[PDB]
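# structure for this input, please:
(3 chains)
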Amino acid sequence: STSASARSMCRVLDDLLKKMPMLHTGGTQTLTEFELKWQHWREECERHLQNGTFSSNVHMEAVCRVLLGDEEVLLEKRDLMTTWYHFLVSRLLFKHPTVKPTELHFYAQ
Amino acid sequence: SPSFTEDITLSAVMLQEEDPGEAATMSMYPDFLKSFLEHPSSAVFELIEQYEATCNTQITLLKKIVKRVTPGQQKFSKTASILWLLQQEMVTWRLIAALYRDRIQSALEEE
Amino acid sequence: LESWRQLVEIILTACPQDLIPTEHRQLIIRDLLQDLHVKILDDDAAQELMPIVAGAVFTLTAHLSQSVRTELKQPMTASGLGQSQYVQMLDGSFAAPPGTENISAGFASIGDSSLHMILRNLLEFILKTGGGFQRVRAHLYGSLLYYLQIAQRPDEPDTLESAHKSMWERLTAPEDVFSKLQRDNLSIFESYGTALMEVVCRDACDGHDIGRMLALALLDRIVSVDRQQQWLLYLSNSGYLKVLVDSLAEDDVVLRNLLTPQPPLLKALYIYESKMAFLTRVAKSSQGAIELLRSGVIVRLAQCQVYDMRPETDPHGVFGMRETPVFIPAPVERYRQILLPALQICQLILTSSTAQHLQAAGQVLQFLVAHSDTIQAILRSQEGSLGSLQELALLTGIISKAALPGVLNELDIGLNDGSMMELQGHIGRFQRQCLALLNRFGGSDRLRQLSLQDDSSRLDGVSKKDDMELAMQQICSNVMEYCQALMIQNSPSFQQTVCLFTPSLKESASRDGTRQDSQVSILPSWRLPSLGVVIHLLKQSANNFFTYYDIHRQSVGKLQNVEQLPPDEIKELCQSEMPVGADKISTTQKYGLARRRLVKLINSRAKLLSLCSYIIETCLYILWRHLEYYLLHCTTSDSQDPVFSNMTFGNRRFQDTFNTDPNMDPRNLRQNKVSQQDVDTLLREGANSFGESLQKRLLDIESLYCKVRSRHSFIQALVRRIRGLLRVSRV
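Residues are numbered from 1 along each chain as shown, chains lettered A, B, ... in the order given. Please find the structure below.
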């Protein structure tokens, strides 16, 4: 409402956050559809940024980079995290939402 | 038709239990008594209508039962024989009702 | 006690029955049973007794079951066989065509009171026992099996002319003391209520293999007569289904271990088999299938990976030699056994899931697309083995009901065009494979090949021949089911309805010969094969129908004349049934053995004739719909139709660019080739090869069926309208 140019940017972001992929259970939860739709969501964010309804602003571009997973931006945002376990949970939330103990150690390292 | 579904489940029970015909016959009597108690002896015509419509519903259900099974099996021969007897029961009810209602209205029209 | 037992069973199981009257034998058996129940229901020791006495009771009820069966072969009283009977009012068993009169006497002889009270004795002895005695209770379950064995009944025959018995193998009567005692014992079961079935459920879930089999058989026979479903209600309430279905995750992992070279012992396979049989018992109930669907069983199966691995060979590598045990079947066969129960439960749920069959078929098609690779391999595999024929038959059973574009129109809606196109491309793969199935196995040379494949062993060769023949019959019936569903679905359309075949009898003539039997000839299934297949299959089916009709009639004559046959023919029949016979055995036993052979063969031929009539009438439907499409709607290239040349062939055209290549081109599936010269040549060829003899054969054959599904005549409509369309050309 305040920024006319950023209003479209905010609407696109709000639409993306409204269409966050969630669990898929038809009697048993399906991780496959889960990662597929998350990847498609990442693709949609990239296409929004390329179309410019999700770009052209430093904050929005940084947010899209973080959503796709951007280590240097997170490490610059080390203030808002302040903790490496928060770093770990952000990394997993933004690149590997379905983690196994076999890779938890790699990601923690 | 739900009646088809109750036919399926009662036939699932009825294959492990008695023939459908005897159960169908026995199911009618409570309706007989309900109609007789709820209705007077001057509304005999509506009472006959009650018998007919309900026992037509039982014909409906019983042919629904017998139609799906193999009729070339002698298991259903006795049930079907009882069934043709049921249709003869229709025709007997219809015949008596028609003759005696005709007699009543003829006594009325004897002017 | 060990010695006294061993003594009595040596008295029983090994000694000939003939030396002493069986009346006295069974009398003494029940007397011993009542006295031992007295002593041990009153107890004579502590836990140390239940194992030994439980094995005792095991073998005692075994011997009593088979001994009562020995009486079941002999009449007692003054009449148990012959013209007149006057003792059948004493039991729920009554007269029937040969076989049941001797059985009814065996129970009219015995005091049902004693039977019922002694089984009460058993059950009360059971119920007072506590837990932790799994092998004791195993003896107990087996003892119950041995008793109810006597009360068990076999499957009914399959008759067409109705000339042999179909009674007293079931409970369909207020009578059938079998059924009434079953109802009483059902009441006693429910009197035991939650605790007893708690015990049996825990014993079936975590017990030992043998005891698991005993419990499963007990449950199956109890459920086969239960009409009150307390068991279903309680097991649903308790969530045992939840732990059981979650145990299939462990089944997946163990079977994934078993597929590796040198698999461990078959006990895990037996365990999975027993679990699957239990789930089949569950799916038998409509409500049970409802809860199975509600639980997302197919979703769990799809998430499992075991069916994704299939033992398949290559022309290269170490393939051609197995490192698995030679006493166990091929790993490919083991995987077939692995995948089979999932397909069986799928076909059961699709059949019985009519209300939610939308979701059932959606999950089923998810299963198929997940396992399409193995499914495609089986579809494209030409084997000729019984196992492969069963594979294809059950695959078609799934596809004919599941792989419908209507299911994609009703579910999966709103998905992306990429998902839509992938799903429909797989669907089209399934239609093309189904079409190629008729080209592969609609030929007649398969008959000679399979008739010759079963001459290695003649004891089971007859059964093998019947099995492959029936398997082909269901495959034909079933691809026709798929086609009929598709045609009924596409019926309301008038611009998107295409016919799968093109009109020609050149291929009709060609198929009557060999298919260059090194690779089975297939008409191009991406290029729309011809109605010559339909007409050739129909003519072959008519010929074989007269064949099996006449042999069935003769077999029925033999079955009714079995009383009049001399010793030698019946001896031959008994030898053909089991490798023991001759005239040293009883004439009645010989008659029964011959009649049982005749019953099974009559059942086979009856099923054959019925389904063959099915394919015949559905061929009529195919001919009708093709004639309707071609003679009324297809554009002709020799002239301008009044309003039909503006009507394109069924379905719209691809916008994707492809080159016409002689392999896997669905773009060719969209065009029919129709011309007036084609119409004239087709009409003349039909008039000549579709003889009035064939028409009269169809009409007289179609004068006894359609009674089972009881819908008004469509058969004469199809025959007459096909006849008219044959005489009616393009408008």
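# strands of chain B, residue ranges please.
For chain B, applying DSSP state E gives no strands.
# nearest to chain B: which residue in the stretch 151-300 of chain C?
Residue of the stretch 151-300 of chain C nearest chain B, by CB to the nearest CB: residue C:174 (4.2 Å). No exception for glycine: its C-beta is placed from N, CA and C like everyone else's.
# so that residue, which state does it fall into?
coil (DSSP: H, G, I helix; E, B strand; the rest coil).
# cool, residue C:185 as well?
Classification of residue C:185 by three-state DSSP places it in helix.
# list, one by one, the residues from chain A near chain C.
Chain A comes close to chain C at residues A:25-28, A:30, as judged by CB under 8 Å from any CB of the partner chain.
# now secondary structure and neighbour count too, for those residues, in CSV please.
Converted to CSV, those look like this (DSSP: H, G, I helix; E, B strand; the rest coil; neighbours: other CB atoms under 10 Å in any protein chain shown):
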residue, secondary structure, neighbour count
A:25, strand, 11
A:26, coil, 16
A:27, coil, 17
A:28, coil, 18
A:30, coil, 18
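# can those go into JSON lines with extra columns for distance to residue A:47?
Formatted as JSON lines, these follow (distance: CB to CB, whole Å):
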{"residue": "A:25", "distance to residue A:47": "28"}
{"residue": "A:26", "distance to residue A:47": "29"}
{"residue": "A:27", "distance to residue A:47": "33"}
{"residue": "A:28", "distance to residue A:47": "32"}
{"residue": "A:30", "distance to residue A:47": "25"}
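# which pair of those residues spans the longest distance?
The span of these, defined through CB to CB, is set by A:27 and A:30 at 9.8 Å.
# need the overlap of contacts for the two.
Contact criterion CB atoms under 8 Å, 6 or more residues apart in numbering or on different chains; residues bridging residue A:27 and residue A:30 by contacting each: residue C:299.
# spatially central residue for the chain, please.
Since no chain was named, I'll use chain A. Nearest to the mean C-alpha position of chain A, counting by CA atoms, centre = their mean, stands residue A:67 at 2.6 Å.
# please refer instead to chain C.
Chain C, centroid-nearest residue using CA atoms, centre = their mean: residue C:344 at 9.0 Å.
# contact partners for that one?
Counting by CB under 8 Å, 6+ apart, residue C:344 has contacts C:276, C:280, C:394.
# most neighbours, which of those residues?
The most crowded member of those, judged by other CB atoms under 10 Å in any protein chain shown, is residue C:394 (21 neighbours).
# gap between that one and chain B?
Per CB to the nearest CB, to the nearest Å, residue C:394 is found 25 Å from chain B.
# run through the neighbouring helices and strands of the one helix or strand that residue maps to.
Residue C:394 belongs to helix C:386-402 when assigned by DSSP states H and E. Packing partners of helix C:386-402 (3 or more CB pairs under 8 Å, 6 or more residues apart in numbering or on different chains; DSSP states H and E): helix C:331-352, helix C:357-370, helix C:372-380, helix C:417-441, helix C:458-490.
# tell me the angle of it relative to helix C:372-380?
If you take axes from the mean of the first three to the mean of the last three CA atoms, to 10 degrees, helix C:386-402 sits at 120 degrees to helix C:372-380.
# after helix C:386-402 comes which helix or strand?
Later in the chain than helix C:386-402, the nearest helix or strand by DSSP H and E is helix C:405-410.
# now that following helix: buried residues?
Buried residues in helix C:405-410, defined by neighbour count with 16 or more other CB atoms under 10 Å in any protein chain shown: C:407-408.
# residues in contact with it?
Applying CB under 8 Å, 6+ apart, the contact partners of helix C:405-410 are C:358, C:361-362, C:365, C:420, C:423-424, C:427, C:489.
# which helix in chain C has the most residues?
helix C:587-633 (DSSP state H).
# and the angle for it with helix C:458-490?
30 degrees.
# continuing past helix C:587-633, what's the next helix or strand?
Past helix C:587-633, the next helix or strand by DSSP H and E is helix C:676-689.
# please name every helix or strand in contact with that following helix.
helix C:715-726.
# closest residue of the stretch 151-300 of chain C to chain A?
Counting by CB to the nearest CB, the stretch 151-300 of chain C gets nearest to chain A through residue C:296 (1.0 Å).
# just to check, that residue is in contact with residue A:24?
No. Residue C:296 is beyond contact range of residue A:24, at 11.3 Å (criterion: CB atoms under 8 Å).
# could you check which of the two is surrounded by more residues?
More neighbours surround residue C:296 than the other of residue C:296 and residue A:24, with 20 against 15 (other CB under 10 Å).
# tell me how far that one lies from residue C:372.
20 Å (CB to CB, to the nearest Å).
# neighbours of residue 14, just the number please.
Chain wasn't specified; assuming chain A. Residues lying near residue A:14 (other CB under 10 Å) number 10.
# I was thinking of chain C, sorry if that wasn't clear
Residue C:14, neighbours per other CB under 10 Å, totals 7.
# alright, that wraps it up for me.
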